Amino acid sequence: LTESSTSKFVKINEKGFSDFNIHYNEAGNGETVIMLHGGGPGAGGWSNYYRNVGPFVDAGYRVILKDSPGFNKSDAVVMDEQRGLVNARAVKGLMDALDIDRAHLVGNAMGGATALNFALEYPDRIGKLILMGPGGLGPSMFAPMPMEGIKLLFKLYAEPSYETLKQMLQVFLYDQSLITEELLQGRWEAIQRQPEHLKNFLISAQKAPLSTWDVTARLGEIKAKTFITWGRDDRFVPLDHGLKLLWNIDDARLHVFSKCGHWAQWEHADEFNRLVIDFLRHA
């Protein structure tokens, strides 16, 4: 599988979206799993999930790696509401356009917020819910905020450079030997290709600060079986939020990887794939 061979586009129409272009990468043909990426500069579906798509397809799933609005090859957008909710509306728009009745959701960071909002707003349209360090869930009981990683994410948005990108990735990943030229070049290309996305994210962040993303109070509504993952060494979203989710969602479990930053599905891809495939099959 390659980004090119799996690349697709679909126009969506959903509350506040009109003929809005969504890019996604699709492979496989069984039960649908939609994977939702984080909010870092240059993020997108393929970039975030290319170590996961193959094994999930091998296990018999139809995998859709979705580009959220204002990311990668999806249309540019300025959001005046919290991104989790607006992103979730876009997932519903995609599913309606593709005639997908229910999807399992996998979401990291901003994508975790997207998945939580989708589960809240459209409970009859979700299967299982998989969350990797979801962002925007209010204060930490231990971590000063904004977190170290978030400071770097904003610096990279406001002053993009290859060096600042490298700096960000060094904090993003636990194992520094994972930061290859290929990784750097790929994220840099996506940043260089879509400068308007960077500008628009910043405008959106001023309109709807991170506090507006906090759906903690509604977590008791979630009936989906939920699998929460965290990197022990995540400098972007606080580990104690894994406990917050575990205590507030009815049917959840929490899996924390040692020696793992803010990109668990990539840093610990083999274990992540096995655990999540097992969860989707058997839970």
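Numbering starts at 1 and runs along the sequence shown.
Participant: Once you work out the mean C-alpha B-factor for both 267-275 and 14-22 from the entry, which is higher?
Facilitator: In the deposited entry, the stretch with the higher C-alpha B-factor mean is 14-22.
Participant: Using the B-factors recorded in the PDB entry, average over the C-alpha atoms of 157-165 and of 142-150, then report which stretch comes out higher.
Facilitator: Result: 157-165.
Participant: Based on the PDB record, which member of 100, 109, 86, 105 exhibits the highest Cα temperature factor?
Facilitator: Highest C-alpha B-factor among the listed residues goes to 100.
Participant: Which third, lowest, middle or highest, does the CA B-factor of residue 256 fall in along this chain?
Facilitator: Tercile = lowest for this residue's CA B-factor.
Participant: When the modelled residues of the chain are sorted by Cα temperature factor, does residue 66 land in the lowest, middle or highest third?
Facilitator: Residue 66: CA B-factor falls in the lowest third of its chain.
Participant: Lowest, middle or highest third: which one holds residue 40 when the chain's residues are ordered by CA B-factor from the entry?
Facilitator: Residue 40: CA B-factor falls in the middle third of its chain.
Participant: Check where residue 51 lands among this chain's C-alpha B-factors and tell me if it's the lowest, middle or highest third.
Facilitator: Answer is middle: the recorded C-alpha B-factor places it there.
Participant: Looking at the C-alpha B-factor of residue 32, is it in the lowest, middle or highest third of its chain?
Facilitator: CA B-factor rank for residue 32: lowest third.
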